[PDB]
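Participant: Next comes the structure file entry_36.pdb, holding PDB, C-alpha atoms and all ligand atoms.
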ATOM      1  CA  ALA G   1     -34.785  15.354 -25.213
ATOM      2  CA  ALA G   2     -33.336  13.229 -22.402
ATOM      3  CA  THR G   3     -30.196  14.087 -20.457
ATOM      4  CA  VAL G   4     -28.557  11.306 -18.375
ATOM      5  CA  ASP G   5     -25.860  11.546 -15.722
ATOM      6  CA  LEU G   6     -23.690   8.393 -15.685
ATOM      7  CA  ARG G   7     -20.916   7.551 -13.277
ATOM      8  CA  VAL G   8     -18.262   4.901 -13.973
ATOM      9  CA  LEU G   9     -16.403   3.683 -10.866
ATOM     10  CA  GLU G  10     -13.116   1.794 -10.795
ATOM     11  CA  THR G  11     -10.908  -0.136  -8.428
ATOM     12  CA  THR G  12      -7.341  -1.074  -9.469
ATOM     13  CA  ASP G  13      -4.292  -2.882  -8.172
ATOM     14  CA  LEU G  14      -5.989  -4.142  -5.062
ATOM     15  CA  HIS G  15      -3.290  -6.818  -4.880
ATOM     16  CA  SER G  16      -5.406  -8.989  -2.572
ATOM     17  CA  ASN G  17      -5.497  -6.220   0.110
ATOM     18  CA  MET G  18      -9.081  -6.945   1.158
ATOM     19  CA  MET G  19      -8.581  -6.010   4.814
ATOM     20  CA  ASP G  20      -7.386  -2.638   6.099
ATOM     21  CA  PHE G  21      -4.713  -4.535   7.987
ATOM     22  CA  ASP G  22      -0.947  -4.822   7.778
ATOM     23  CA  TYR G  23      -0.199  -8.521   8.443
ATOM     24  CA  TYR G  24       3.577  -7.997   8.888
ATOM     25  CA  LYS G  25       3.026  -5.412  11.635
ATOM     26  CA  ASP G  26      -0.143  -7.278  12.726
ATOM     27  CA  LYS G  27      -1.980  -3.942  13.057
ATOM     28  CA  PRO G  28      -4.929  -2.197  11.395
ATOM     29  CA  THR G  29      -4.396   0.646   8.964
ATOM     30  CA  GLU G  30      -6.508   3.543   7.690
ATOM     31  CA  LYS G  31      -4.447   3.752   4.467
ATOM     32  CA  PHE G  32      -5.411   0.757   2.295
ATOM     33  CA  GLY G  33      -7.873  -2.094   1.914
ATOM     34  CA  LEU G  34     -11.057  -2.844  -0.032
ATOM     35  CA  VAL G  35     -13.066  -2.756   3.213
ATOM     36  CA  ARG G  36     -12.381   1.011   3.146
ATOM     37  CA  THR G  37     -12.631   1.551  -0.625
ATOM     38  CA  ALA G  38     -16.101  -0.052  -0.380
ATOM     39  CA  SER G  39     -17.228   2.977   1.647
ATOM     40  CA  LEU G  40     -16.205   5.285  -1.220
ATOM     41  CA  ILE G  41     -18.169   3.047  -3.612
ATOM     42  CA  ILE G  42     -21.319   3.170  -1.496
ATOM     43  CA  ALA G  43     -21.021   6.971  -1.060
ATOM     44  CA  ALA G  44     -20.423   7.547  -4.770
ATOM     45  CA  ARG G  45     -23.516   5.488  -5.606
ATOM     46  CA  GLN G  46     -25.713   7.623  -3.339
ATOM     47  CA  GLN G  47     -24.535  10.794  -5.089
ATOM     48  CA  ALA G  48     -25.098   9.488  -8.599
ATOM     49  CA  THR G  49     -28.430   8.471 -10.069
ATOM     50  CA  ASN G  50     -26.728   5.939 -12.433
ATOM     51  CA  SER G  51     -23.461   4.120 -11.882
ATOM     52  CA  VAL G  52     -21.463   1.090 -12.935
ATOM     53  CA  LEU G  53     -18.335  -0.360 -11.295
ATOM     54  CA  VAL G  54     -15.289  -2.065 -12.860
ATOM     55  CA  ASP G  55     -11.996  -3.562 -11.632
ATOM     56  CA  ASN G  56      -8.759  -3.037 -13.588
ATOM     57  CA  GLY G  57      -6.900  -6.147 -12.435
ATOM     58  CA  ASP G  58      -3.877  -7.094 -10.320
ATOM     59  CA  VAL G  59      -6.340  -8.350  -7.747
ATOM     60  CA  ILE G  60      -5.553 -12.000  -6.896
ATOM     61  CA  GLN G  61      -1.861 -11.534  -6.033
ATOM     62  CA  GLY G  62       0.485  -9.352  -4.038
ATOM     63  CA  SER G  63      -0.265  -9.347  -0.302
ATOM     64  CA  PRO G  64      -0.479 -11.873   2.497
ATOM     65  CA  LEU G  65      -4.057 -12.922   1.777
ATOM     66  CA  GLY G  66      -3.040 -13.638  -1.822
ATOM     67  CA  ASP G  67       0.024 -15.580  -0.721
ATOM     68  CA  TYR G  68      -2.057 -17.657   1.784
ATOM     69  CA  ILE G  69      -4.627 -18.637  -0.847
ATOM     70  CA  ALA G  70      -2.073 -19.339  -3.631
ATOM     71  CA  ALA G  71      -0.317 -21.745  -1.257
ATOM     72  CA  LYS G  72      -3.639 -23.254  -0.046
ATOM     73  CA  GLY G  73      -5.001 -23.699  -3.590
ATOM     74  CA  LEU G  74      -8.650 -23.389  -4.710
ATOM     75  CA  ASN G  75      -9.687 -27.066  -4.448
ATOM     76  CA  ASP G  76     -11.401 -26.991  -0.996
ATOM     77  CA  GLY G  77     -14.941 -26.010  -2.113
ATOM     78  CA  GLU G  78     -14.261 -22.282  -1.672
ATOM     79  CA  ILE G  79     -13.901 -19.354  -4.059
ATOM     80  CA  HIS G  80     -11.055 -16.862  -3.721
ATOM     81  CA  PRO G  81     -11.609 -14.479  -0.794
ATOM     82  CA  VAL G  82     -11.056 -11.469  -3.088
ATOM     83  CA  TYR G  83     -14.223 -12.553  -4.873
ATOM     84  CA  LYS G  84     -16.025 -13.396  -1.622
ATOM     85  CA  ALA G  85     -15.596  -9.663  -1.046
ATOM     86  CA  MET G  86     -15.990  -8.250  -4.547
ATOM     87  CA  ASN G  87     -19.038 -10.401  -5.245
ATOM     88  CA  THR G  88     -20.963  -8.293  -2.683
ATOM     89  CA  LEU G  89     -20.098  -4.905  -4.271
ATOM     90  CA  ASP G  90     -22.026  -5.177  -7.570
ATOM     91  CA  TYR G  91     -19.212  -5.050 -10.085
ATOM     92  CA  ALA G  92     -20.281  -4.915 -13.713
ATOM     93  CA  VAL G  93     -17.071  -6.343 -15.147
ATOM     94  CA  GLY G  94     -13.452  -7.212 -14.373
ATOM     95  CA  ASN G  95     -10.256  -6.828 -16.424
ATOM     96  CA  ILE G  96      -7.223  -9.144 -16.296
ATOM     97  CA  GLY G  97      -4.000  -7.570 -14.953
ATOM     98  CA  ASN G  98      -0.453  -8.908 -15.333
ATOM     99  CA  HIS G  99      -0.233 -10.574 -11.944
ATOM    100  CA  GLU G 100      -3.329 -12.626 -12.651
ATOM    101  CA  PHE G 101      -1.008 -14.937 -14.677
ATOM    102  CA  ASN G 102       1.520 -15.540 -11.850
ATOM    103  CA  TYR G 103       0.221 -18.910 -10.740
ATOM    104  CA  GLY G 104      -0.576 -20.278 -14.210
ATOM    105  CA  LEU G 105      -3.563 -20.305 -16.566
ATOM    106  CA  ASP G 106      -5.300 -23.087 -14.584
ATOM    107  CA  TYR G 107      -5.235 -21.179 -11.295
ATOM    108  CA  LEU G 108      -6.407 -18.061 -13.119
ATOM    109  CA  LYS G 109      -9.349 -19.908 -14.707
ATOM    110  CA  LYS G 110     -10.358 -21.337 -11.310
ATOM    111  CA  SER G 111     -10.038 -17.946  -9.642
ATOM    112  CA  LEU G 112     -12.125 -16.128 -12.218
ATOM    113  CA  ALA G 113     -14.779 -18.872 -12.092
ATOM    114  CA  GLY G 114     -15.604 -17.728  -8.558
ATOM    115  CA  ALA G 115     -16.168 -14.105  -9.549
ATOM    116  CA  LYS G 116     -19.887 -13.193  -9.821
ATOM    117  CA  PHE G 117     -19.199 -10.763 -12.657
ATOM    118  CA  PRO G 118     -17.825 -11.291 -16.157
ATOM    119  CA  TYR G 119     -14.204 -10.733 -17.197
ATOM    120  CA  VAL G 120     -12.736  -9.263 -20.365
ATOM    121  CA  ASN G 121      -9.381  -9.250 -22.133
ATOM    122  CA  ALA G 122      -8.888  -8.570 -25.850
ATOM    123  CA  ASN G 123      -5.153  -8.894 -26.512
ATOM    124  CA  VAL G 124      -4.179 -12.346 -25.159
ATOM    125  CA  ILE G 125      -4.290 -14.780 -28.103
ATOM    126  CA  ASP G 126      -4.537 -18.593 -27.715
ATOM    127  CA  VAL G 127      -1.700 -20.187 -29.701
ATOM    128  CA  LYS G 128      -3.922 -23.161 -30.601
ATOM    129  CA  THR G 129      -6.714 -21.143 -32.127
ATOM    130  CA  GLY G 130      -5.049 -17.885 -33.160
ATOM    131  CA  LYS G 131      -8.061 -16.120 -31.584
ATOM    132  CA  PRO G 132      -8.576 -14.401 -28.189
ATOM    133  CA  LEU G 133      -8.293 -16.723 -25.173
ATOM    134  CA  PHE G 134     -10.720 -14.574 -23.159
ATOM    135  CA  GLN G 135     -13.792 -12.517 -24.013
ATOM    136  CA  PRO G 136     -12.450  -9.408 -25.820
ATOM    137  CA  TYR G 137     -15.407  -7.166 -25.004
ATOM    138  CA  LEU G 138     -18.978  -7.246 -23.696
ATOM    139  CA  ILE G 139     -21.895  -4.934 -24.579
ATOM    140  CA  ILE G 140     -24.080  -4.804 -21.488
ATOM    141  CA  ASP G 141     -27.642  -3.379 -21.573
ATOM    142  CA  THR G 142     -27.840  -1.099 -18.542
ATOM    143  CA  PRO G 143     -31.021   0.621 -17.266
ATOM    144  CA  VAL G 144     -30.565   4.321 -16.529
ATOM    145  CA  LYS G 145     -32.827   7.160 -15.427
ATOM    146  CA  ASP G 146     -32.628  10.611 -16.998
ATOM    147  CA  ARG G 147     -32.861  13.913 -15.060
ATOM    148  CA  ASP G 148     -36.659  13.880 -15.355
ATOM    149  CA  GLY G 149     -36.781  10.372 -13.859
ATOM    150  CA  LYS G 150     -37.605   8.567 -17.151
ATOM    151  CA  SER G 151     -36.000   5.148 -17.823
ATOM    152  CA  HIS G 152     -33.765   4.284 -20.810
ATOM    153  CA  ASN G 153     -31.635   1.321 -21.904
ATOM    154  CA  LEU G 154     -28.007   2.293 -22.403
ATOM    155  CA  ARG G 155     -25.739  -0.291 -24.123
ATOM    156  CA  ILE G 156     -22.356   0.019 -22.447
ATOM    157  CA  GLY G 157     -19.407  -1.694 -24.103
ATOM    158  CA  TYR G 158     -16.381  -2.727 -22.050
ATOM    159  CA  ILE G 159     -13.011  -3.843 -23.494
ATOM    160  CA  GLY G 160      -9.936  -5.028 -21.529
ATOM    161  CA  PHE G 161      -6.192  -5.106 -22.083
ATOM    162  CA  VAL G 162      -3.033  -6.356 -20.370
ATOM    163  CA  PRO G 163       0.633  -5.464 -21.052
ATOM    164  CA  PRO G 164       2.385  -7.570 -23.724
ATOM    165  CA  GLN G 165       5.264  -7.874 -21.264
ATOM    166  CA  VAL G 166       3.400 -10.680 -19.477
ATOM    167  CA  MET G 167       5.235 -12.880 -22.032
ATOM    168  CA  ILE G 168       8.470 -12.129 -20.190
ATOM    169  CA  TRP G 169       7.144 -11.734 -16.649
ATOM    170  CA  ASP G 170       5.264 -15.028 -16.908
ATOM    171  CA  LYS G 171       7.395 -16.750 -19.565
ATOM    172  CA  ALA G 172       7.089 -20.191 -17.985
ATOM    173  CA  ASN G 173       3.327 -19.996 -17.697
ATOM    174  CA  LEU G 174       2.642 -18.347 -21.085
ATOM    175  CA  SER G 175       5.382 -18.970 -23.658
ATOM    176  CA  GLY G 176       4.047 -21.392 -26.268
ATOM    177  CA  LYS G 177       0.477 -21.153 -24.833
ATOM    178  CA  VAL G 178      -0.487 -17.565 -25.703
ATOM    179  CA  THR G 179       0.854 -14.485 -27.432
ATOM    180  CA  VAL G 180      -0.133 -10.899 -26.526
ATOM    181  CA  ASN G 181      -0.828  -8.243 -29.137
ATOM    182  CA  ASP G 182      -0.129  -4.530 -28.893
ATOM    183  CA  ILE G 183      -2.722  -2.673 -26.792
ATOM    184  CA  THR G 184      -3.420   0.163 -29.261
ATOM    185  CA  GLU G 185      -3.639  -2.129 -32.319
ATOM    186  CA  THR G 186      -6.063  -4.318 -30.375
ATOM    187  CA  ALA G 187      -8.286  -1.319 -29.632
ATOM    188  CA  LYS G 188      -8.244  -0.240 -33.285
ATOM    189  CA  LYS G 189      -9.388  -3.745 -34.259
ATOM    190  CA  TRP G 190     -12.253  -4.099 -31.833
ATOM    191  CA  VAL G 191     -13.682  -0.662 -31.016
ATOM    192  CA  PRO G 192     -15.208  -0.177 -34.503
ATOM    193  CA  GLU G 193     -16.909  -3.583 -34.131
ATOM    194  CA  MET G 194     -18.273  -2.645 -30.694
ATOM    195  CA  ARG G 195     -19.831   0.517 -32.086
ATOM    196  CA  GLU G 196     -21.206  -1.320 -35.156
ATOM    197  CA  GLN G 197     -22.744  -3.895 -32.769
ATOM    198  CA  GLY G 198     -24.625  -1.091 -31.021
ATOM    199  CA  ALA G 199     -22.519   0.044 -28.070
ATOM    200  CA  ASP G 200     -23.731   3.538 -27.059
ATOM    201  CA  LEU G 201     -20.600   4.049 -24.961
ATOM    202  CA  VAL G 202     -17.216   2.333 -24.985
ATOM    203  CA  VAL G 203     -15.335   2.036 -21.702
ATOM    204  CA  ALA G 204     -11.729   0.880 -22.135
ATOM    205  CA  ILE G 205     -10.161  -0.896 -19.157
ATOM    206  CA  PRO G 206      -6.425  -1.211 -19.871
ATOM    207  CA  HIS G 207      -4.134  -2.548 -17.173
ATOM    208  CA  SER G 208      -1.500  -0.147 -18.485
ATOM    209  CA  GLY G 209       0.021   3.210 -17.519
ATOM    210  CA  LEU G 210       0.428   6.639 -19.070
ATOM    211  CA  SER G 211       3.241   8.035 -21.231
ATOM    212  CA  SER G 212       3.227  10.541 -24.098
ATOM    213  CA  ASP G 213       6.590   9.367 -25.444
ATOM    214  CA  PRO G 214       6.484   8.485 -29.133
ATOM    215  CA  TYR G 215       4.408   5.427 -29.854
ATOM    216  CA  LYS G 216       6.295   2.155 -30.459
ATOM    217  CA  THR G 217       4.409  -1.111 -30.903
ATOM    218  CA  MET G 218       4.238  -3.327 -27.802
ATOM    219  CA  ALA G 219       4.432  -0.304 -25.473
ATOM    220  CA  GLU G 220       3.728  -1.402 -21.882
ATOM    221  CA  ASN G 221       2.085   1.936 -20.936
ATOM    222  CA  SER G 222      -0.311   2.769 -23.729
ATOM    223  CA  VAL G 223      -3.104   4.963 -22.248
ATOM    224  CA  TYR G 224      -2.084   8.104 -24.172
ATOM    225  CA  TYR G 225      -2.318   6.229 -27.470
ATOM    226  CA  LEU G 226      -5.703   4.776 -26.495
ATOM    227  CA  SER G 227      -6.956   8.332 -25.861
ATOM    228  CA  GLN G 228      -6.246   8.980 -29.550
ATOM    229  CA  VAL G 229      -8.318   5.971 -30.741
ATOM    230  CA  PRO G 230     -11.716   7.032 -32.087
ATOM    231  CA  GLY G 231     -14.786   5.616 -30.381
ATOM    232  CA  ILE G 232     -13.340   5.199 -26.881
ATOM    233  CA  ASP G 233     -15.416   7.274 -24.422
ATOM    234  CA  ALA G 234     -13.533   6.619 -21.158
ATOM    235  CA  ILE G 235     -10.287   4.989 -20.040
ATOM    236  CA  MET G 236     -10.251   3.282 -16.589
ATOM    237  CA  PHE G 237      -6.546   2.563 -16.149
ATOM    238  CA  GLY G 238      -4.021   1.219 -13.686
ATOM    239  CA  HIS G 239      -0.745  -0.775 -13.544
ATOM    240  CA  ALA G 240       1.446   2.266 -12.750
ATOM    241  CA  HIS G 241       0.245   2.485  -9.103
ATOM    242  CA  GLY G 242       0.065   6.268  -9.442
ATOM    243  CA  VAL G 243      -2.809   8.753  -9.274
ATOM    244  CA  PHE G 244      -4.374  10.240 -12.410
ATOM    245  CA  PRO G 245      -5.425  12.980 -12.619
ATOM    246  CA  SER G 246      -2.793  14.650 -10.440
ATOM    247  CA  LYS G 247       0.056  17.131 -10.843
ATOM    248  CA  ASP G 248       2.410  14.169 -11.440
ATOM    249  CA  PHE G 249       1.013  13.984 -14.993
ATOM    250  CA  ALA G 250       0.743  17.694 -15.852
ATOM    251  CA  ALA G 251       3.415  17.321 -18.560
ATOM    252  CA  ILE G 252       1.587  14.594 -20.477
ATOM    253  CA  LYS G 253       0.590  15.851 -23.920
ATOM    254  CA  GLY G 254      -3.144  16.601 -24.108
ATOM    255  CA  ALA G 255      -3.714  16.240 -20.375
ATOM    256  CA  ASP G 256      -6.221  18.471 -18.587
ATOM    257  CA  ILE G 257      -5.471  17.718 -14.958
ATOM    258  CA  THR G 258      -8.366  19.700 -13.462
ATOM    259  CA  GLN G 259     -10.928  17.953 -15.725
ATOM    260  CA  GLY G 260      -9.220  14.526 -15.675
ATOM    261  CA  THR G 261      -9.058  14.208 -19.467
ATOM    262  CA  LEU G 262      -6.529  13.061 -22.097
ATOM    263  CA  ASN G 263      -7.227  14.600 -25.525
ATOM    264  CA  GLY G 264     -10.734  15.320 -24.213
ATOM    265  CA  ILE G 265     -11.394  11.718 -23.090
ATOM    266  CA  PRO G 266     -11.962  11.140 -19.362
ATOM    267  CA  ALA G 267      -9.353   8.867 -17.795
ATOM    268  CA  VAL G 268      -8.606   7.793 -14.249
ATOM    269  CA  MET G 269      -5.971   5.704 -12.407
ATOM    270  CA  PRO G 270      -6.903   5.217  -8.744
ATOM    271  CA  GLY G 271      -3.628   4.475  -7.003
ATOM    272  CA  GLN G 272      -2.892   1.112  -5.381
ATOM    273  CA  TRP G 273      -4.205  -1.341  -2.795
ATOM    274  CA  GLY G 274      -7.609   0.314  -2.647
ATOM    275  CA  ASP G 275      -6.222   3.675  -1.518
ATOM    276  CA  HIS G 276      -8.419   5.486  -4.098
ATOM    277  CA  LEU G 277     -11.652   5.016  -6.031
ATOM    278  CA  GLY G 278     -11.726   6.096  -9.694
ATOM    279  CA  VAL G 279     -14.754   8.203 -10.667
ATOM    280  CA  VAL G 280     -15.638   9.182 -14.227
ATOM    281  CA  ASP G 281     -18.747  11.280 -14.724
ATOM    282  CA  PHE G 282     -20.573  11.674 -18.031
ATOM    283  CA  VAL G 283     -23.450  13.836 -19.094
ATOM    284  CA  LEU G 284     -25.186  12.182 -22.081
ATOM    285  CA  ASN G 285     -27.958  13.541 -24.303
ATOM    286  CA  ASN G 286     -30.093  11.893 -27.051
ATOM    287  CA  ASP G 287     -31.291  15.145 -28.729
ATOM    288  CA  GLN G 288     -30.611  13.852 -32.283
ATOM    289  CA  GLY G 289     -31.452  10.183 -31.684
ATOM    290  CA  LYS G 290     -28.059   8.762 -30.743
ATOM    291  CA  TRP G 291     -26.490   9.137 -27.310
ATOM    292  CA  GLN G 292     -23.754  11.721 -27.299
ATOM    293  CA  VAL G 293     -21.330  12.688 -24.631
ATOM    294  CA  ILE G 294     -21.875  16.338 -23.834
ATOM    295  CA  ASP G 295     -19.633  16.526 -20.760
ATOM    296  CA  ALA G 296     -16.988  14.294 -19.206
ATOM    297  CA  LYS G 297     -14.859  14.561 -16.053
ATOM    298  CA  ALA G 298     -12.677  12.214 -13.977
ATOM    299  CA  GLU G 299     -11.221  12.209 -10.473
ATOM    300  CA  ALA G 300      -9.481   9.770  -8.144
ATOM    301  CA  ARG G 301     -10.995   9.922  -4.645
ATOM    302  CA  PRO G 302      -8.650   8.997  -1.776
ATOM    303  CA  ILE G 303      -9.643   6.900   1.270
ATOM    304  CA  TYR G 304      -7.300   9.038   3.438
ATOM    305  CA  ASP G 305      -6.812  12.816   3.624
ATOM    306  CA  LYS G 306      -3.048  13.329   3.842
ATOM    307  CA  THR G 307      -3.225  17.078   4.564
ATOM    308  CA  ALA G 308      -5.829  16.769   7.366
ATOM    309  CA  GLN G 309      -4.454  13.380   8.551
ATOM    310  CA  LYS G 310      -7.850  11.784   8.698
ATOM    311  CA  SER G 311      -9.852   9.003   7.189
ATOM    312  CA  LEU G 312     -12.338   9.776   4.383
ATOM    313  CA  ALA G 313     -13.761   6.232   4.228
ATOM    314  CA  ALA G 314     -14.964   4.021   7.088
ATOM    315  CA  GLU G 315     -14.051   0.367   7.518
ATOM    316  CA  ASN G 316     -17.181  -1.358   6.161
ATOM    317  CA  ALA G 317     -18.514  -3.778   8.801
ATOM    318  CA  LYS G 318     -20.480  -5.968   6.433
ATOM    319  CA  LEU G 319     -17.383  -6.662   4.319
ATOM    320  CA  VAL G 320     -15.216  -7.214   7.439
ATOM    321  CA  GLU G 321     -17.651  -9.963   8.476
ATOM    322  CA  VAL G 322     -17.480 -11.607   4.997
ATOM    323  CA  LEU G 323     -13.692 -11.656   5.408
ATOM    324  CA  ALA G 324     -13.408 -12.557   9.089
ATOM    325  CA  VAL G 325     -12.468 -16.232   8.756
ATOM    326  CA  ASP G 326     -10.009 -15.518   5.945
ATOM    327  CA  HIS G 327      -8.559 -12.614   7.946
ATOM    328  CA  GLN G 328      -7.696 -14.864  10.892
ATOM    329  CA  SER G 329      -6.402 -17.571   8.501
ATOM    330  CA  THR G 330      -4.116 -14.946   6.904
ATOM    331  CA  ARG G 331      -2.758 -13.974  10.351
ATOM    332  CA  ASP G 332      -2.056 -17.674  11.005
ATOM    333  CA  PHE G 333      -0.344 -18.037   7.606
ATOM    334  CA  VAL G 334       2.024 -15.132   8.290
ATOM    335  CA  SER G 335       2.882 -16.293  11.839
ATOM    336  CA  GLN G 336       3.696 -19.936  10.888
TER     337      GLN G 336
HETATM  338 FE    FE D   1      -0.081  -3.781  -9.754
HETATM  339 FE    FE D   2       0.351  -4.449 -13.029
HETATM  340 NA    NA D   3     -25.827   0.656 -10.655
HETATM  341 NA    NA D   4     -15.596  17.752 -22.981
END
Please render this file's structure as structure tokens.

Facilitator:
Amino acid sequence: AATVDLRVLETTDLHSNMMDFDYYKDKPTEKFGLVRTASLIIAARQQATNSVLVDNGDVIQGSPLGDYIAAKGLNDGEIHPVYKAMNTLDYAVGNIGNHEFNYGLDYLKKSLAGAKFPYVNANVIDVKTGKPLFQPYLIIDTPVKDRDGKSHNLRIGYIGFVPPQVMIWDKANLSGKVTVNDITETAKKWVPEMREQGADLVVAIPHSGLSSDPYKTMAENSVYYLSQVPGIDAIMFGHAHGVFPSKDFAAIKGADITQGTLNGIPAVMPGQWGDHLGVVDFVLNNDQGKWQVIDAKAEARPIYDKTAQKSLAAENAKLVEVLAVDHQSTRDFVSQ
């Protein structure tokens, strides 16, 4: 007879924009940066009794901080500054995006080793073993409180995916070392196993966009097809750098833009560079024994209100201090 509210939070496509600072203009901004998204995370946690946080990928590359560190290397006794930051925000799990491969598998392994949260990816296959190179999924026991304040253990499964097109985009680094299977086929292979192994919920984290064009194997943007795979309870997506739900996707088959669902499944894509936080909310009930989803909604919360022209998320001082040395080193890197 227990009813549990559960919130799933998501960052995506941070692209190493830790600071709310434009290094080319050498000026602060209110419009991007994890130091501002962090404020949305903290606020969303205060509203929700139970919450978990994931990252979709495209995190270690794509802005001056990422360029500075890729050139510097990770052999100086320090972890990547993106993880210096993210390690303080209580992430449950990370997913591998396409740009994570840009500097080679060795740099990726070193980078992920500094993250204080586990990573998943199910579709990258090691050529030498014929089996996944990374951890395809994790089932993570998670304490939750119901609406009466009683505790329960909820087993949350998380599964990750990257576009097969990394084989072209990172041909030098990947060709002959890995292959990458179709996103939807990979989900059909593993989701039944996750549920058989006791996952109460399955959260898919595909670094992949949204299209309702006819399915063709190896589709880069496979979220619609994933929404049709049984056993997936939420889809925390990314890669397209757009905002879902929004009017931009009203024509997608099966999309309910107000509710943030695709064929009834909640799904969210929170923009780029930390300019939004993804928020999926579930209501779960165990009335017949098993946990069932009785309600599901998704929304992408912006750090900046474009119509009012004002900030909706403060620059977090604690995270600015974590990043201070690396911030000045990034300014030096750009000016050299
Ligand atoms: Fe990206
Ligand atoms: Fe991407
Ligand atoms: Na939590
Ligand atoms: Na529903």

Participant: Please find the residues contacting ligand NA 3 (chain D) at a distance of at most 9 Å between atoms, with only C-alpha atoms and all ligand atoms counted, and report them as a ChimeraX atom specification.

Facilitator: /G:7,45,49-53,90-92,142-144

Participant: Go through chain G and flag each residue having an atom no more than 12 Å from ligand NA 4 (chain D); for those, report the closest pair of atoms plus their distance in Å to one decimal, using only C-alpha atoms and all ligand atoms, ordered by chain and rising number, as CSV.

Facilitator:
residue,atom,partner,partner_atom,distance
G:233,CA,D:NA4,NA,10.6
G:234,CA,D:NA4,NA,11.5
G:256,CA,D:NA4,NA,10.4
G:259,CA,D:NA4,NA,8.6
G:260,CA,D:NA4,NA,10.2
G:261,CA,D:NA4,NA,8.2
G:262,CA,D:NA4,NA,10.2
G:263,CA,D:NA4,NA,9.3
G:264,CA,D:NA4,NA,5.6
G:265,CA,D:NA4,NA,7.4
G:266,CA,D:NA4,NA,8.4
G:281,CA,D:NA4,NA,11.0
G:282,CA,D:NA4,NA,9.3
G:283,CA,D:NA4,NA,9.6
G:284,CA,D:NA4,NA,11.1
G:292,CA,D:NA4,NA,11.0
G:293,CA,D:NA4,NA,7.8
G:294,CA,D:NA4,NA,6.5
G:295,CA,D:NA4,NA,4.8
G:296,CA,D:NA4,NA,5.3
G:297,CA,D:NA4,NA,7.7
G:298,CA,D:NA4,NA,11.0

Participant: Go through the chains and note each residue within 10 Å of ligand FE 1 (chain D), using all atoms listed in the file, then give the set as a list in words.

Facilitator: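 Those residues are residues 12, 13, 14, 15, 56, 57, 58, 59, 61, 62, 97, 98, 99, 100, 207, 208, 238, 239, 240, 241, 271, 272 and 273 of chain G.
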
Participant: Okay, now the selection with C-alpha atoms, as a PDB file, in the frame of the given file?

Facilitator:
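Once everything was written out, this is result23.pdb:
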ATOM      1  CA  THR G  12      -7.341  -1.074  -9.469  1.00  0.00           C
ATOM      2  CA  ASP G  13      -4.292  -2.882  -8.172  1.00  0.00           C
ATOM      3  CA  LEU G  14      -5.989  -4.142  -5.062  1.00  0.00           C
ATOM      4  CA  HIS G  15      -3.290  -6.818  -4.880  1.00  0.00           C
ATOM      5  CA  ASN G  56      -8.759  -3.037 -13.588  1.00  0.00           C
ATOM      6  CA  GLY G  57      -6.900  -6.147 -12.435  1.00  0.00           C
ATOM      7  CA  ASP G  58      -3.877  -7.094 -10.320  1.00  0.00           C
ATOM      8  CA  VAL G  59      -6.340  -8.350  -7.747  1.00  0.00           C
ATOM      9  CA  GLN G  61      -1.861 -11.534  -6.033  1.00  0.00           C
ATOM     10  CA  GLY G  62       0.485  -9.352  -4.038  1.00  0.00           C
ATOM     11  CA  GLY G  97      -4.000  -7.570 -14.953  1.00  0.00           C
ATOM     12  CA  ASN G  98      -0.453  -8.908 -15.333  1.00  0.00           C
ATOM     13  CA  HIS G  99      -0.233 -10.574 -11.944  1.00  0.00           C
ATOM     14  CA  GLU G 100      -3.329 -12.626 -12.651  1.00  0.00           C
ATOM     15  CA  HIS G 207      -4.134  -2.548 -17.173  1.00  0.00           C
ATOM     16  CA  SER G 208      -1.500  -0.147 -18.485  1.00  0.00           C
ATOM     17  CA  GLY G 238      -4.021   1.219 -13.686  1.00  0.00           C
ATOM     18  CA  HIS G 239      -0.745  -0.775 -13.544  1.00  0.00           C
ATOM     19  CA  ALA G 240       1.446   2.266 -12.750  1.00  0.00           C
ATOM     20  CA  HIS G 241       0.245   2.485  -9.103  1.00  0.00           C
ATOM     21  CA  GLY G 271      -3.628   4.475  -7.003  1.00  0.00           C
ATOM     22  CA  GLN G 272      -2.892   1.112  -5.381  1.00  0.00           C
ATOM     23  CA  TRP G 273      -4.205  -1.341  -2.795  1.00  0.00           C
TER      24      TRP G 273
END

Participant: Rounded to one decimal in Å, what is the spacing between atom CA of residue 188 of chain G and atom CA of residue 205 of chain G?

Facilitator: 14.3 Å

Participant: Write out as an MDAnalysis selection string each polymer residue whose atoms come within 9 Å of segment 168-170 of chain G, counting only C-alpha atoms; drop sequence neighbours fewer than 5 positions from it.

Facilitator: chainID G and resid 98:99 101:104 175

Participant: Can you pull out the residues contacting residue 203 of chain G? Cut-off 7 Å, using all atoms listed in the file, and skip same-chain residues under 3 positions away; I want them as an MDAnalysis selection string.

Facilitator: chainID G and resid 157:159 232:235

Participant: Which one is closest to residue 29 of chain G: G:257, G:41, G:314, G:167? Count all atoms listed in the file.

Facilitator: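 Among the listed residues, the smallest separation from residue 29 of chain G belongs to G:314.
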
Participant: I'd like the contact shell of residue 96 of chain G - 10 Å cut-off, only C-alpha atoms, skipping same-chain residues fewer than 6 positions apart - returned as number ranges by chain.

Facilitator: G: 55-60, 108, 112, 119-122, 124, 134, 160-163, 205-207

Participant: On this file, the PyMOL selection byres (((chain G and resi 130) around 12) and not hetatm) gives some set of residues; write that set as a ChimeraX atom specification.

Facilitator: /G:123-129,131-134,176-181

Participant: Given the file shown, determine the residues that the PyMOL selection byres (((chain G and resi 44) around 12) and not hetatm) selects; report them as a PyMOL selection string.

Facilitator: chain G and resi 6-10+37-43+45-53+277-281+299-301+313
